[PDB]
Amino acid sequence: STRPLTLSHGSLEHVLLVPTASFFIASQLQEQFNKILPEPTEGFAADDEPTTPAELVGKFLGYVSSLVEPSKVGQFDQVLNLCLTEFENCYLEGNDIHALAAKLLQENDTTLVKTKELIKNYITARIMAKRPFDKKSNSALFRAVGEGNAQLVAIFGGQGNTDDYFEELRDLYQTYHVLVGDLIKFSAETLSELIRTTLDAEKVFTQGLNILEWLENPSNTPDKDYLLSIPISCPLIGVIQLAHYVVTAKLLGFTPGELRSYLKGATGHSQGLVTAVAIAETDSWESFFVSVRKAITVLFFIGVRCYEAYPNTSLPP
Amino acid sequence: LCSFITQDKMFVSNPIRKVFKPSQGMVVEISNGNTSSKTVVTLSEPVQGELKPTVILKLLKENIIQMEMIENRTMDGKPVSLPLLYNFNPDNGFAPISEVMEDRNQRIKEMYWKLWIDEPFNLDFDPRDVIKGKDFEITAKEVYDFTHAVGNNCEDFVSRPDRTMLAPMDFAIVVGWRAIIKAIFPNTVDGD
Amino acid sequence: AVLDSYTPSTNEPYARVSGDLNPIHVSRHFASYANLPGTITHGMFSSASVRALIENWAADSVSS
Amino acid sequence: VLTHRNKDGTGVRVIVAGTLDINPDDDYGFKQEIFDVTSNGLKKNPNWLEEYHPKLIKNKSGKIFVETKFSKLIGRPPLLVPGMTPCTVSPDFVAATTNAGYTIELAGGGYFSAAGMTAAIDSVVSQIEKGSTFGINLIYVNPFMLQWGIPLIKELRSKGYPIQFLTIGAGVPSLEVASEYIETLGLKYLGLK
């Protein structure tokens with residue numbers, strides 16, 4: 001039933017065995033994809049260019065994914081699910097995309113930016129191919145903690161670890177959109193409410209708190225100076241932490257609480273204490289969201305009220 | 001449609017035409033359009049978020065067009081209005097509409113008075129007489145509002161523990177505005 | 001020093017604190033009737049806005 | 001096309017059936033019209049007579065007007081005392097004639113500086129009724145008058161003067177010179193001779 005098809009860039013091939021009622025639509029995609037590929041150059045060493053066969057498959061893998069919906073049935077659902085299995089079976093030795101990215105960094109042609117690409121592609125692809133991340137994974141850590149030769153403690157960070165904190169929220173939203181989109185949107189909305197709900201909160205958010213907007217159009221994102229002042233930076237940092245918890249939980253095949261169970265305990269530094277408390281109150285996904293609400297609605301008030309208490313004033317130049 | 005208005009033999013560009021010039025957000029509602037003498041076109045624009053009447057165009061007794069020019073942001077929330085009056089006259093096909101000039105400055109002054117001055121409308125001052133203002137206590141919050149309005153983040157104006165709040169020299173204008181502006185109002189200083 | 005300044009998005013904020021409810025600055029139909037380029041920023045705002053710059057950079061933020 | 005130029009003004013519209021080309025004038029039509037579906041395929045020619053057929057019309061005060069393209073714009077009888085030097089120089093006569101409800105052109109020929117004509121234009125205005133208007137006749141072959149005049153006219157309109165048309169005698173300005181008058185001066189219409 002199998003009928004060869006090559007995914008091509010520069011001196012990099014990946015031969016792709018294709019089913020019968022398929023090689024039609026498959027070739028169509030192959031062609032369209034070939035068009036978008038930037039011209040090869042000096043070991044494909046540009047920024048758009050795939051470094052390796054693996055990266056290329058991820059590329060095409062992501063291109064096909066761009067043309068599908070989970071809600072309605074598509075005509076590429078056939079091809080996508082097939083390139084998935086061949087990428088998985090061929091390039092992932094069963095481990096996580098993350099393990100591959102590391103290999104591709106260490107051994108092959110190092111690009112953090114390209115690594116992130118590859119990861120965006122695989123997770124994104126898989127989730128839009130109606131093919132979720134529910135089956136406990138063989139995390140050697142979590143396996144060994146589970147047995148008894150290891151124990152976990154969740155530590156949560158505070159304010160002031162980074163100049164560009166909001167950046168971490170971007171990379172999260174942008175990369176793992178298929179996993180975190182919910183609570184980003186959920187938070188963006190629930191924070192919006194806190195501001196109506198609250199008396200003079202509006203005055204503190206001089207340039208508004210449209211988190212969803214700033215994410216979509218970087219162009220519209222306010223200064224680091226605005227983003228860093230607590231009333232908006234406290235809640236946002238927490239969302240970042242919650243968001244990270246979730247990619248770890250979801251990607252392990254665990255519920256929020258299932259993840260929490262592997263923990264000997266948790267603790268935060270400064271404002272990170274809040275999420276640790278709220279994280280341990282966590283059980284099932286349906287219930288996960290009130291836990292989020294609690295956390296960020298605390299942070300919001302810490303931020304808004306502590307700013308009001310002692311607000312930054314001009315430094316004598 | 002008449003491109004020009006009249007003011008004492010002088011020809012101005014048509015103000016009605018001007019004020020109704022299109023633009024996203026404005027909405028015109030003509031009511032009773034088919035009978036001439038009763039027609040009332042009404043312009044409503046977005047004012048502080050919600051829509052509201054800004055202009056009201058109709059006829060009055062004895063062939064007098066009236067353009068009710070409405071300001072919604074006032075001292076007490078109760079909208080104020082400037083009555084602009086125009087003589088319509090079908091015997092001059094070329095310049096039918098001319099403006100009623102007698103007392104035009106006075107009407108404009110009266111509306112500005114209601115917006116600036118918390119006193120009775122009396123335009124009978126001697127320009128040479130001293131104008132007394134009002135006493136004025138500087139609230140801690142009038143300062144917060146002003147500094148934040150102009151964007152002055154000086155620590156001398158921000159409430160800090162164990163320091164009295166200072167007011168910006170700029171704040172002088174907030175205090176004297178009513179005493180000062182009154183000075184351009186008397187009848188002997190007739191201005192538009 | 002050479003400093004970068006900006007006029008406000010709307011004029012209502014300055015009008016409220018100052019008591020200058022002049023429609024020229026707030027209502028487009030009045031601005032347009034007077035034949036202005038738009039809803040002109042309060043000349044007084046620029047006065048206090050620029051002054052703030054002088055205050056900060058020339059007086060080292062010593063209001064006094 | 002031969003028959004077309006025979007008929008021109010009579011509402012007949014010739015179409016050349018055998019050539020798909022383009023007429024810069026729309027004088028007549030080519031192969032396309034015979035087949036077009038749009039209202040673009042139904043193009044008729046003007047019939048002077050009817051097109052520009054004098055009419056009568058009534059004021060509300062019930063005055064009667066000879067309605068033509070001209071009077072339809074100006075709102076008075078389609079008759080005018082053209083600028084004339086000795087005759088139309090006098091602010092008195094341009095007032096009187098304009099007060100009698102007729103369009104008259106104030107003669108530039110008799111004025112020699114912005115200041116001297118400003119004198120008359122202001123006299124004319126003093127005698128003319130409220131909301132009334134007149135015009136100014138300037139000579140092309142006199143580049144001096146044309147130099148203090150065009151400005152005086154523009155400076156005057158800007159102040160809102162009731163002088164709402166310019167006529168130019170002795171020659172027709174060039175496209176850039178004319179365009180200047182049209183857009184620069186605040187005039188209701190321009191008169192060419």
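What follows is calculated from the coordinates using simple rules that are stated; it is not laboratory data. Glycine also receives a Cβ, built like all others from the backbone with ideal geometry; neighbour counts cover every protein chain displayed.
If the only charges are +1 at each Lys and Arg Cβ and -1 at each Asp and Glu Cβ, what is the size of the charge dipole of region A:63-159 around the Cα centre, to the nearest 20 debye?
Details: 11 positive and 11 negative charges, 57 e Å.
So the dipole magnitude of region A:63-159 works out to roughly 280 debye.
Checking a compactness column here: for region A:175-317, what do you get for Rg(Cα) / (2.2 N^0.38 Å), N being the number of residues?
Details: Rg = 15.9 Å, N = 143, 2.2 N^0.38 = 14.5 Å.
Dividing the Cα radius of gyration by 2.2 N^0.38 Å gives 1.10.
Efficiency by 1/(1 + (r/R0)^6): what FRET value for B:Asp162 and A:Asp225, r their Cβ-Cβ distance, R0 = 30 Å, to the nearest 0.05? Intermediate values should be presented prior to the final figure.
Details: r = 27 Å, r/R0 = 0.91.
Working from the Cβ atoms, E equals 0.65.
Can you tell me the mean projection area, over all orientations, of the convex hull of chain C's alpha carbons? Units nm², please. Present the calculation step by step, with values, prior to reporting the outcome.
Values: hull surface 20.8 nm².
For the Cα atoms of chain C, the hull's average projected area reads 5.2 nm².
How are the Cα pair distances of region A:220-295 distributed, in percent, across 5 Å bins from 0?
3, 15, 25, 24, 14, 9, 7, 3, 0
Which number comes out as Rg/Rh for chain B once both Rg and the Kirkwood Rh are worked out on C-alpha atoms? Don't jump to the answer; show the numbers that get you there.
Values: Rg = 22.2 Å, Rh = 20.5 Å.
Reported Rg/Rh, Kirkwood definition of Rh: 1.08.
What whole-number volume per residue, in cubic angstrom, does the convex hull of the C-alpha atoms of region A:66-131 give? Write down the numbers at each step before the final one.
Working: hull volume 5.5 nm³, N = 66.
Convex hull volume per residue, Cα atoms: 83 Å³.
Excluding the sites themselves, what is the longest stretch of chain B that contains no GluC sites (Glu not before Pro) in a DSSP loop with at most 14 other C-beta atoms within 10 Å? Display every interim value, and only then the final one.
Numbers: sites that count: B:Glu62, B:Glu102, B:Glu137.
Maximal segment without exposed cleavage sites: B:1-61.
Give the residue list of chymotrypsin sites (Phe, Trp or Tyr not before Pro) in region D:122-193 that are DSSP loop and have at most 11 other beta-carbon atoms within 10 angstrom.
Working: sites: D:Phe134, D:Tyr140, D:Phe144, D:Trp148, D:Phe165, D:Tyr181, D:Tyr189; in loops: D:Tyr140, D:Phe144, D:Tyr189.
Taking region D:122-193 and a limit of 11 other Cβ atoms within 10 Å, the loop chymotrypsin sites (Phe, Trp or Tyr not before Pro) found are D:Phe144.
In Å³ and rounded to a whole number, note down the convex hull volume per residue for the Cα atoms of region A:130-172. Each step should come with its number before you reach the end.
On the way: hull volume 5.5 nm³, N = 43.
It comes to 129 Å³ per residue, whole-number rounded.
Relative to the compact-globule scaling 2.2 N^0.38 Å, provide the ratio for the alpha-carbon radius of gyration of the protein assembly as shown.
Dividing the Cα Rg of the protein assembly as shown by 2.2 N^0.38 Å gives 1.44.
State, in angstrom, two size descriptors of region A:1-100 derived from its alpha carbons: Rg to one decimal place and Dmax to the nearest whole number.
13.7, 42
Given the convex hull over the Cα atoms of region B:112-192, what projected area results after averaging over all orientations, in nm²? Could the numbers behind the result be given before it?
On the way: hull surface 27.1 nm².
Taking the Cα atoms of region B:112-192, their convex hull projects to 6.8 nm² on average.
Using the structure shown, select from B:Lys58/D:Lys60; A:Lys224/A:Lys264; A:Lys114/A:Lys203; B:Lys109/D:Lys159 the pairs with a Cα to Cα distance greater than 30 angstrom.
Working: B:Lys58/D:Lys60 20 Å; A:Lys224/A:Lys264 37 Å; A:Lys114/A:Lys203 42 Å; B:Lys109/D:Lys159 24 Å.
A:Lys224/A:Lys264; A:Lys114/A:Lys203, as the Cα separations exceed 30 Å there.
Going through region A:9-62, which GluC sites (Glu not before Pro) have at most 13 other Cβ atoms within 10 Å and a DSSP loop state?
Passing sites in region A:9-62 are A:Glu42.
With a length cut of 27 Å (Cα positions projected on each helix's long axis) and a Kyte-Doolittle mean of at least 0.0, go through chain A and give me the DSSP H helices that pass.
Numbers: long enough: A:177-197 (30 Å, 0.56); A:230-252 (33 Å, 1.52); A:285-309 (36 Å, 0.88).
Membrane-span-like by this rule: A:177-197, A:230-252, A:285-309.
Label-point separation (nm) for A:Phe24 and A:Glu93, each offset 7 Å from Cα along Cα-to-Cβ?
If labels sit at A:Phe24 and A:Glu93, their model points lie 4.1 nm apart.
How big, on average over all directions, is the shadow cast by the Cα convex hull of chain A, in nm²? It would help to have the intermediate numbers written out before the result.
Values: hull surface 81.8 nm².
Result: a mean projected hull area of 20.5 nm².
Go from 0 up to the bin containing the longest alpha carbon distance in region A:1-58, width 5 Å each, and give me the % of pairs per bin.
4, 19, 27, 23, 14, 8, 4, 1
Given the C-alpha centroids of region B:69-96 and region A:295-317, what is the distance between them in whole angstrom?
Centre-to-centre distance over Cα atoms comes out at 49 Å.
Using only Cα atoms, figure out Rg for region B:43-151 and give it as a multiple of 2.2 N^0.38 Å. It would help to have the intermediate numbers written out before the result.
Details: Rg = 19.5 Å, N = 109, 2.2 N^0.38 = 13.1 Å.
In units of the 2.2 N^0.38 Å rule of thumb, it is 1.49.
Can you give me the Rg/Rh ratio for region B:24-107, using Cα atoms for both radii and the Kirkwood formula for Rh? Can you show the working numbers first?
Working: Rg = 14.7 Å, Rh = 14.4 Å.
Here Rg/Rh amounts to 1.02.
Kirkwood Rh, region A:194-237, all Cα pairs: how many Å? Kindly include the intermediate steps, with their values, before the conclusion.
Values: mean 1/r = 0.0907 Å⁻¹.
Evaluated on region A:194-237, it is 11.0 Å.
Once the Cα gyration tensor of region A:46-202 is found, what semi-axes does its equivalent ellipsoid get, as square roots of 5 times the eigenvalues, in whole Å, sorted largest first? Mind dumping the intermediate values first?
On the way: eigenvalues 186, 107, 69 Å².
Semi-axes, largest first: 30, 23, 19 Å.
If you add up the charges near C:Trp57, with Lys and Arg at +1 and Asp and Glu at -1, over every other residue whose beta carbon is less than 13 angstrom from its beta carbon, what do you get? Please report the intermediate quantities before stating the final value.
Values: positive: C:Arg51; negative: C:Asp4, C:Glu55, C:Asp60.
Around C:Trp57, the surrounding residues sum to -2.
Considering just Cα atoms, how many Å³ per residue does the convex hull of region A:109-263 enclose? Before the final figure, lay out the partial values.
Values: hull volume 24.1 nm³, N = 155.
Convex hull volume per residue, Cα atoms: 155 Å³.
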